[PDB]
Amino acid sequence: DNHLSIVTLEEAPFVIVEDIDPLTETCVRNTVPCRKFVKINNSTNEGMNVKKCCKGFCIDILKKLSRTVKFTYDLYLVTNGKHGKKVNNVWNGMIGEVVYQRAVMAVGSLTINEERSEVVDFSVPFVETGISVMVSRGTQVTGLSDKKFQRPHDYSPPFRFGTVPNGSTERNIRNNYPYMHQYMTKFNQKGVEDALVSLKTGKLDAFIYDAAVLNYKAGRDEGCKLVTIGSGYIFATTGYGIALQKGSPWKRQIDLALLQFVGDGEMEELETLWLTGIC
């Protein structure tokens, strides 16, 4: 029983989604097959699996795992939410797919946190992450404890900052800074791309989000204008981890293989391949 149902989610450069070849109708080069359930309409539950192609840093990690740990897989893209949120005590997203046994594992830009760890097991971290703050170069903010964030209405006009809600970053803010949280929600960004445009055009002063993605975005920013505060400072340091079901038989070999890739330089090679930038 080594053919594994695996869930993922697009988030460049960790997981990038492409249309399947026009001539071949197959996935070529550094890509793997990944399916996405797409609804026929909104008056039906009927839908179809669209054959897509997946690549990126987490996909090269999956390719290495599949080969070392000796398993084959049916990779699919989550459609019920994103990374993972507990809604009315029910987990949706990649976490939910694992919790409710639709996937043996979740591979992607998935943040290890305490509440997720109570319902799934996480492998060893394969990428360092946590929370970073993106700003226009030279913006004077000390960190998450800056009074501009903690007590925003103590400033005229108040500092404008948001996150992409429903992920590990919003959860942390909610749990740690209740005033900052309720204030920020009017600045909720639909995604990273909307947030970068809002920052670049002066509609937002700071963007609080996943450190690994923000470091990537800063390194590729046109004109190197958008930066992370501090020397790429990280609050509540954590990592991306592979989510597995509680008591998973696969965890042991996945942890050892990941640590093997770390020690070998294989992990450093993927970082050079997918995560380095000009800034």
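Just count from 1 along the sequence shown to find any residue number.
K.L.:
Could you tell me whether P22 lacks coordinates in at least a third of the other compared entries whose models cover its neighbours on both sides?
P.N.:
Other entries vs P22: at least a third skip it.
K.L.:
Going by the average Cα B-factor in the PDB entry, point out whether 193 to 201 or 80 to 88 comes out higher.
P.N.:
Result of the comparison: 193 to 201.
K.L.:
Going by the B-factors listed in the PDB entry, is the mean over the C-alpha atoms higher for 210 to 218 or for 39 to 47?
P.N.:
Averaged over C-alpha atoms, the B-factors run higher in 39 to 47.
K.L.:
Among the choices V28, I242, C58, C34, identify the one whose CA B-factor in the record is greatest.
P.N.:
Top of the list by C-alpha B-factor: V28.
K.L.:
What third of the chain does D255 rank in for C-alpha temperature factor, lowest, middle or highest?
P.N.:
Its C-alpha B-factor belongs to the middle third of this chain's values.
K.L.:
With respect to C-alpha B-factor, does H153 fall in the lowest, middle or highest third of the chain as deposited?
P.N.:
Answer is middle: the recorded C-alpha B-factor places it there.
K.L.:
Can you tell me which third, lowest, middle or highest, the CA B-factor of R171 falls into for its chain?
P.N.:
Ranked within chain, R171 CA B lands in the lowest tercile.
K.L.:
Could you place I6 in the lowest, middle or highest third of its chain by Cα temperature factor, using the values in the record?
P.N.:
It falls in the middle third of the chain.
K.L.:
Just say lowest, middle or highest third for the CA B-factor of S136 relative to the other modelled residues in its chain.
P.N.:
According to the entry, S136 has a C-alpha B-factor in the chain's highest third.
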